[PDB]
Structure formats: structure tokens, C-alpha cells
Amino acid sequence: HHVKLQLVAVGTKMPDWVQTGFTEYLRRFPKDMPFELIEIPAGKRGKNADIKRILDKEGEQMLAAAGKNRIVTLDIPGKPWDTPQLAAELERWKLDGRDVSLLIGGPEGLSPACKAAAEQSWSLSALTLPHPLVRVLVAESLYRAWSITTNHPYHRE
């Protein structure tokens, strides 16, 4: 009865250094808090493409991936959680008992349906961050939040 953290993200080819950095954090998560990545393919964009519909198809794929999971969106206008707050949230998710889906939008951001479906929305920064860096920050900050919950040396070194 341990909870799963699922990063649901649009885009499939992280630069090598980003994937290396992401894996170094992902792998340090304990067996009772598995951290896993689900990549959704980005819709093909063009001037002749209807951008709303491309975005909705992306969102539909994300929400389908989340299933019945608790839905948390990564979004610039979400809650600017500090590290103690994220640790408190991480603890709340565990009591809740449901797996958590963390949603990272593609180039055009999150679909309206995804923003609407969010039970919580989490802002990493007031800055517009590139999708690969969002992946790494989420992994690192959750790791730091987790290490606070178990008094692991990482959060205090």
C-alpha cells in the first residue's frame, strides 16, 4: 500500500544531459515511493494545423494516462510551494493513498481540460521553464521533499 509518483509529460527526446540528470534523481527514490516517467508524444504543429485541437489531443492522452490518479498539474500560475510545503503535500498524498500523476504540458502548455481536471496545481517558478528542466526540477524537489520526510541526509547537506 505504498503510493506511486507518476510524471506524465509531453515530449520524448530529452537531451542526453537532462536524461542523465533526471535518471540520477529518479533512481534514488526508495522502493516504497517509486518515481516513474510516462512520456506522451507531442502533436505535430504547423501554420495549417488547428492548434487548439492538437493541444486537446495531447491533453486527452495525458488525462488517459493519469486514469483515476490524483491529478497535480505543473503550471506557472499554480501554487508556489516551498520545500517544506511540498514535503507536507507529499505526506498528504501518502495518507490519501492514491497514486499521484504530475502533469507537464507540451510546447503550447497544458490543455484546458487538463487544467480543469487538476486537483492541485504546482508552480516551480515565476519563470517560463523549458520542458526538459521542469522534469529534472520535479524529480529533484520531490526527492528533497521525500528526504525531509524520512530525515535522509540529502535535504541537510
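Numbers for residues come from their place in the sequence shown, where the first is 1.
Taking the PDB entry as given, 42 to 50 carries the higher mean Cα B factor of the two stretches 120 to 128 and 42 to 50. Relative to one another, 23 to 31 and 63 to 71 have unequal mean CA B-factors, and 63 to 71 is the one with the higher figure. Reading the B-factor column for the CA atoms of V100, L110, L90, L95 in the entry, the top value corresponds to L95. The entry lists a Cα temperature factor for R156 that places it in the middle third of the chain's modelled residues.
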